[PDB]
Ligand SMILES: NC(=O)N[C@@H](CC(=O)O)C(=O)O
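First, one chain by itself: the form solved without the ligand, in structure tokens.
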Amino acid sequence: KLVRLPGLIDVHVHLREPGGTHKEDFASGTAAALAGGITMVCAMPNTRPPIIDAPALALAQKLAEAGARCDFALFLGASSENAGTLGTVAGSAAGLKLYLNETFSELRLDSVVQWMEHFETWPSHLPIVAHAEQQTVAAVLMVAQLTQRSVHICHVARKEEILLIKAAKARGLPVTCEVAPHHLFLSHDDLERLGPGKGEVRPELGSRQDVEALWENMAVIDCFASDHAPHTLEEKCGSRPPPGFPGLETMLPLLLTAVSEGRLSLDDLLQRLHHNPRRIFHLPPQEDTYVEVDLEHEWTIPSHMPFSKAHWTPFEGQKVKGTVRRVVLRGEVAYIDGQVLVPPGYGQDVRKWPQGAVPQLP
């Protein structure tokens, strides 16, 4: 007895191409997506070169069109120099990404006035998402109100953050958010096992109380998204470990386990991995596309999943129930039981589909 799900959407992945292809590339990352029951991904702009102008977007689009095995949209990244310059290409992107905390030299913003400039200049009908932790959530919400538009908050990880968003929603403010699986299924209690290198992630792992607050406030969470952030084991275990966990291959099995335990319903899962991603980002339907999962199969997450070049996982040793058996993408068998069966380049830029343009007034 398999269950047929629609094509699931992950609105937050780092696929590392161009410039970090030892960590992941479009072909490997989208293989990972398909194996995790994900048929459409939105890829973040912190590549090398970063996707912060039209020529970099053009390059990344062609690399994705040639390498992706599932469908995709590409984010643009906000920089200290590009506000007011992205108008002609904005509609071709998934949305605009603001990195409001740490960052590399190029996505780093040093003043809230730069955030305001982006909110004022980016087309008002197009998505804006933010990496915004702790008080930064309140700060970017203020900027959104000053500029009278919406904002989507990436990977909410803390009781503090989910309660702030809950209060904003109660006041009718146009804010949505997503949560990543590591903030639902890992906590401080796991840091001893992971160690300080593997355990490095942004936002950091929360307390048990943070995790419990996210579950208790599931109603406030609009989307799940992995923040798939692959780095090699050498990098994670080295002297300056970069933050991030791979997660495409583990997200759906973790969440299916939670459904099996009655922690959320199948509908709760599908709102958060299908319907809400579609509506917040105006992502189009995928014809003849579905995912077949087996809810009975019990297994233990191994030391690495088959596809991501990260070749490690922080969920090693966790027992899960639920697995992806088959994925059909636009009428072709894309994945069956550990084997990806569509080639690099099968995937398409959904923003180029007629249905994939974000509607706007003339």
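The term rigid core refers to the maximal set of C-alpha atoms that superpose within 1.5 Å between the two forms. All residue numbers are counted from 1 along the displayed sequence. Only residues modelled in both forms are compared.
Among other compared entries that model residues flanking residue 339, every one gives it coordinates, keeping it clear of the one-third cutoff. In the other compared entries of this protein that model both flanking residues, residue 18 lacks coordinates in at least a third of them.
Just going by the entry, 105-113 versus 177-185 on mean CA temperature factor gives the higher value to 105-113. Judged by mean Cα B factor in the deposited record, 196-204 ranks above the other of 91-99 and 196-204. Annotation for 15, 350, 9, 340: 340 ranks highest, by Cα B-factor. The PDB entry assigns the greatest CA B-factor among 37, 302, 29, 45 to 302. Residue-level temperature factors show residue 237 in the highest third of its chain, judged at the C-alpha atom. Among the modelled residues of the chain, residue 191 sits in the highest third by CA temperature factor in this PDB entry. Residue-level temperature factors show residue 123 in the middle third of its chain, judged at the C-alpha atom. Residue 66 sits in the highest third of its chain by CA B factor, as recorded in the PDB entry. When the modelled residues of the chain are ordered by C-alpha B-factor, residue 260 sits in the highest third.
Missing here is the form solved in complex with the ligand; even so, the following discussion is about that form.
Per the 4.5 Å heavy atom criterion, the ligand in the bound PDB entry is contacted by stretch 100-108, the sole one of 271-279, 136-144, 287-295, 100-108. The single contact residue among 201, 73, 214, 258, judged by any heavy atom lying within 4.5 Å of the ligand in the bound PDB entry, is 201. With the partner omitted here, the residue from 253, 206, 244, 95 that has a non-hydrogen atom within 4.5 angstroms of the ligand in the bound PDB entry is 244. When contacts are judged by a 4.5 Å heavy atom cut-off, residue 308 does not count as touching the ligand in the bound PDB entry. Mapping the unseen interface onto this chain, residue 28 falls outside it, with no heavy atom inside 4.5 Å of the ligand in the bound PDB entry. Contact check for residue 118: no non-hydrogen atom falls within 4.5 Å of the ligand in the bound PDB entry. For the chain shown alone, residue 152 is not a contact residue for the ligand in the bound PDB entry, no non-hydrogen atom being within 4.5 angstroms. Within 4.5 angstroms of the ligand in the bound PDB entry, the stretch 1-31 places a non-hydrogen atom from each of 12, 14, 16, taken in sequence order. Core-superposed comparison between the shown form and the other one places the only run of three or more consecutive residues whose CA atoms all shift by 2 angstroms or more at 103-105.
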